[PDB]
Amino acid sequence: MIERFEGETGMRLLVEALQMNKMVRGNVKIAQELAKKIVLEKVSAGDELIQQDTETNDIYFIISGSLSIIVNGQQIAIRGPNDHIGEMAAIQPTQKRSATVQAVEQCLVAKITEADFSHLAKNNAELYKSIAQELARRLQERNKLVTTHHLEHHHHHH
């Protein structure tokens, strides 16, 4: 789908794409500035765009496809069109990637570096706000009960 979004002719639909992103929420100003600063990447199915406990700090705006969020071997969510990933490392200068993010399928993403993002968010506070809202949602979702497994051990030494 890249070719639709590439170049000056692609900009009309690149800006609208980024307007639909949950972190942008329709703001043309942020979308236009974001459009100037992102780089388009395709992601192969099964690719780990982000790996847990690595020290990348890029943010990805998901235009197309979907990705597994995996912590310590277990999937805890999936993220699809108009979602974002990598914001947690981008707003915390000393935190490693909290999760592996793996393409369930072929995806198209807009990548922005921490340096370009922090410079934009500096004077577009509402990006920090909209990130907070997303993190609030992830926090408020399906707490359920963490199971304790009970084991009885009969130990024999040789």
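Throughout, we count residues from 1 along the sequence that is shown.
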field: Mean C-alpha temperature factor, higher of 95 to 103 and 118 to 126
entry: 118 to 126
- prompt: Where do the C-alpha atoms have the higher mean temperature factor in this entry, in 41 to 49 or in 108 to 116?
  reply: 41 to 49
task: Rank-wise, by C-alpha B-factor, drop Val146 into the lowest, middle or highest third of its chain.
output: highest
message: Is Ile62 in the lowest, middle or highest third of its chain when residues are ranked by C-alpha B-factor?
response: lowest
message: Test of reading the entry: by CA B factor among the chain's modelled residues, which third contains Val28?
response: highest
field: For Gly73, the third of its chain into which the C-alpha B factor falls
entry: highest
query: So where's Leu139 on the chain's Cα temperature factor ranking, which third?
result: highest
